[PDB]
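Below: the structure, in structure tokens.
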Amino acid sequence: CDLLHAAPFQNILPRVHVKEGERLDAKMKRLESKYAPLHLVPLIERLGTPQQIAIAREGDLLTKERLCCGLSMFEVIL
Amino acid sequence: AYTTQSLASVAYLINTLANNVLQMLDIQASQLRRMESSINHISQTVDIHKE
Amino acid sequence: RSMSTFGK
């Protein structure tokens, strides 16, 4: 649930519907331009101070890296 | 003549000192502004560490 | 895709 709310600020888009004469490759990149202003890290790297940038990279890393992404515990417990 | 001159003088001395006091407060206000910004970054950094 | 934040 934390990751679902982070997606918009981390350039993560869901699959879009495709009509006729439409290519997801040519559409997903268009959608990515719509939510370009929301992509946090790039924005801060563009207007932020080195200190702000460093703090943004660290926070962004912590936000995207969760146990559910590829780690589990019950196995180690046993 | 001395009376009119005395009035102009006192008003000038107060005005000059008034502007100085105001400039002082404006500077101190920005000091707190920068300090809060620095403290916030320190806070963010500590939060990142604890995590 | 290793997660360094978890010490990996």
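For neighbour counting, all protein chains shown are included, and Cβ atoms are generated from backbone atoms with ideal geometry for every residue, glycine included. Any read-out appearing in this document is the output of simple, stated calculations on the displayed coordinates, not a laboratory observation.
Table for the structure above
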| read-out | value |
| --- | --- |
| Sequence-distant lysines (8 or more away, or on other chains) whose Cα lies within less than 26 Å of A:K64 | A:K27, A:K29, A:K34, B:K50, C:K8 |
| Per DSSP, loop GluC sites (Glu not before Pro) in chain A with at most 14 further Cβ within 10 Å | A:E20, A:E22 |
| FRET E, pair A:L43, A:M73, Förster distance 41 Å, beta-carbon r, rounded to 0.05 | 0.70 |
| FRET efficiency estimate (nearest 0.05) - Cβ-Cβ, A:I53 to B:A29, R0 30 angstrom | 0.65 |
| Whole-Hz couplings from phi, Karplus 6.51/-1.76/1.60, listed for region A:8-19; x for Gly and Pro | x, 8, 10, 6, 10, 9, x, 4, 9, 6, 10, 7 |
| Using θ = phi - 60° and Karplus 6.51 cos²θ - 1.76 cosθ + 1.60, couplings along region A:41-47 (whole Hz; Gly, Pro as x) | 2, x, 4, 5, 5, 9, 10 |
| Part-to-part distance (alpha-carbon centres) for chain B and region A:1-39, which is given in Å | 48 |
| Spin-label pair B:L17/A:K64, simplified geometry with 7 Å Cα→Cβ offset, distance in nm | 6.1 |
| Projected area, mean over directions - the protein assembly as shown, Cα convex hull, nm² | 17.3 |
